[PDB]
Every structure is written in C-alpha cells, then in structure tokens.
C-alpha cells in the first residue's frame, strides 16, 4: 500500500493518545483483561519508536518495506474505528454488557494481536521477517516453497496457495479459515500468523482437517478467553466434575489452554506442552478428566 | 446461534433483517440467502460482528426466499438460524 512517511505516524500517535484519552475514563472501569487495550498502545508507541530509532540512518528504506506499510495502515484504520466506536456508542460505553463495549473489547483483542505480530517481526526494532523461523518444518517448507522470503501476503494468494495442498470446500468455509489465519483482520496473512496457526493445528499433513474437528464442529472450543471469562463459563457446570473447555490465550499465541472441573469442585487447568491438542484430548478422555465439552454429554471422537 | 431473527423493513427487492446480539462475542456474521427450492447456488455475504442489522438488495419481487444466518468467532461456526420470506 501507501509509502510510509514520518508525519503520518505523528498523526497515528495522536490517534493512539486520543484513544488513551477515551479509554482512561474510569466510568468504563476497564479490567486489565488482558487485552487491556490501554497498556498495549503505550507499548505499541514505544516499540514503534524503537523501530524508528533503529532506522534513523535509512528512513526511506524502511518506508519501502511492505510489512511496515500494511501494518501502519491497519493500525491507523483500527484506531480510527476505535475513535468512531465511542462516537457511535455515546453513553452506552458506561456499561460493559452493551454492544459498543463488546466492540471495544474486540478491538482490544485485535490491538493485542497486532502488537504481538509487530514484536515477532521486529525484535529490537530490526526487521527479521525474511529470516523468520517457522516452527513446524512442513509448514516452513510450504511457506518457503509457495512464497519464499515473503513476510506478508494478500489473503487471496494464501487461499489459492493453501487450496492446492489442502482444498477448501466453499466460501462458507474459506471465510471461517481466514478468520483464524488472519489475526490482524487486514486481509493479509503474515509469516507470524501462519506460524502460530500451524503450531496450533499440527500436524501439517491433515492441517485443514485438524482445523475442522478442533475448531468448527467442536463444542469445547472457546477461541480467545481470559481466566475470568473461563471460570464464568464453567461456574454453571461446577457440580458436574469432568466438564471441560479448551481455549486460546492472547498472552500466549500458538499455545493451547485446557480448563476442566475436578471432583473437589475446583476448576483446574492444564496446558499441552508435549503431544498435539487432539492426542492430549484423547488421553484426557482416557484418564477421566475431559468428559463433557462445555458441560455437554456427547464427546466428539478424534 | 443468532437469536430472534426477523425482517423489519421490506421493499419488493430489499429487506432489512435484524437479529439480537448473542451474549457471546461475534467476530463476523455470515449470511446466505437463496431461492426456496432453487437449484441456483445461494448468494452470500458477510458483516462485522458489531452490527445486529443487515440489508439485502436485488431480490426478485414475488419469491419466497430462504435466508440463513451464522455467527462466527475465531475458527468457530455457531449453529445457524433460518427464515423464509415471500417478497
């Protein structure tokens, strides 16, 4: 997209600071979830200024890199939508249950995702997207072969590319995939979002099918939640030991989370470091912990 | 599952459908409208999760259509809801 100039990021910081003016209303009573929204934009400003410090000798060469253009354009768009969200919401920002508040927390999740992506691509303010390490080789082979040194791609190229290895049945499904694989919500798949996805749904050989069972037709799957929201969900089935869910954490991308209820009535969690998600799910089915997904008696087969 | 789906504004060709926001979050809503008993592949479009209302234009006047609505979280398709309207 558009070439990067320093004045526009001056504008951008004014917007982030203005969103900070909006959100710092205590009447919102924001919880540090996270995503806190408030804390992420100071860290975004700070890390961006770190990139600038690193690129003081060659500002123009940084402005002609695709990733910085796409990322900045998207940050300006999302923060403008964050202002116009309060604009539309008006007073209904004072209660969390209201819809504009939910949209605010949605954009908080997004902001957390974008910062995470920027820190992944820019460690110490330096571009290493071209030398980005994809975790599962099979995924790294696919990415080096289909695109190569590319850091970011348009979603259309990724749909047409991934479709050749793992076919996509319909636009109904392709939209659902573009949901997860594009965490930034900017029609651009990066090596960061791709690597997170592949680590989340190993192995590669049945990647798309791994996506289907573990995400689409699964009841226990809860996408992104915080420990507060998880306990709020399982409080309704606390008396029922073995009722479990599994979710994702913004704090940790590309890592799984599993929550389940014990006979004591305490809600204890587990994380699958070893074994993939499905295998660990099966094993917990054999042990006697993962019995009811979301307090539902029918348990899917893996 | 979007709750309490209904059409609230009607023209021969354009319909305003309003469903209530689910308690759970919605990243995006997916809508597929198609001719009742029509072999033609249904038309489809998407809206952001903030909206509770959507408008369809270009529907032929004098047809009963079947409209299906999906809620979408990240890698998640909640169960849909459907309505049929005669224009």
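Here chain A follows Swiss-Prot for its numbers: 48-349, in order, are the residues you see.
Cβ atoms here come from the backbone N, Cα and C positions, even for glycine.
Copied over from Swiss-Prot, here are the features:
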type	residues	note
REGION	A:176-248	region 'EF-hand-like'
BINDING	A:229, A:231, A:233, A:235, A:240	Ca(2+) binding site
BINDING	A:294	4-O-phospho-L-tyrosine binding site
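Features per Swiss-Prot, on structure.
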| residue | record | CB count, 10 Å |
| --- | --- | --- |
| A:229 | Ca(2+) binding site | 20 |
| A:231 | Ca(2+) binding site | 22 |
| A:233 | Ca(2+) binding site | 22 |
| A:235 | Ca(2+) binding site | 22 |
| A:240 | Ca(2+) binding site | 24 |
| A:294 | 4-O-phospho-L-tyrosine binding site | 20 |
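Taking the Cα atom of each, residue A:240 (Ca(2+) binding site) and the residue listed as '4-O-phospho-L-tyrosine binding site' are about 17 angstrom apart. Here the CA atom of residue A:294 (4-O-phospho-L-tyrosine binding site) lies 19 Å from the CA atom of residue A:231 (Ca(2+) binding site). Under the DSSP three-state reduction, residue A:240 (Ca(2+) binding site) is assigned to helix. The secondary structure of residue A:233 (Ca(2+) binding site), as reduced to three states from DSSP, is coil rather than helix or strand. The helix, strand and coil residue counts that DSSP assigns across the region 'EF-hand-like' (A:176-248) are 42 helix, 6 strand, 25 coil. Residues A:229, A:231, A:233, A:235, A:240 make up the record's Ca(2+) site, and a Cβ search at 8 Å around their centroid adds A:121, A:164, A:199, A:202, A:230, A:232, A:234, A:236, A:237 from the same chain. For residue A:294 (4-O-phospho-L-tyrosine binding site), the nearest of the binding-site residues by C-alpha distance turns out to be A:229; the candidates were A:229, A:233, A:235.
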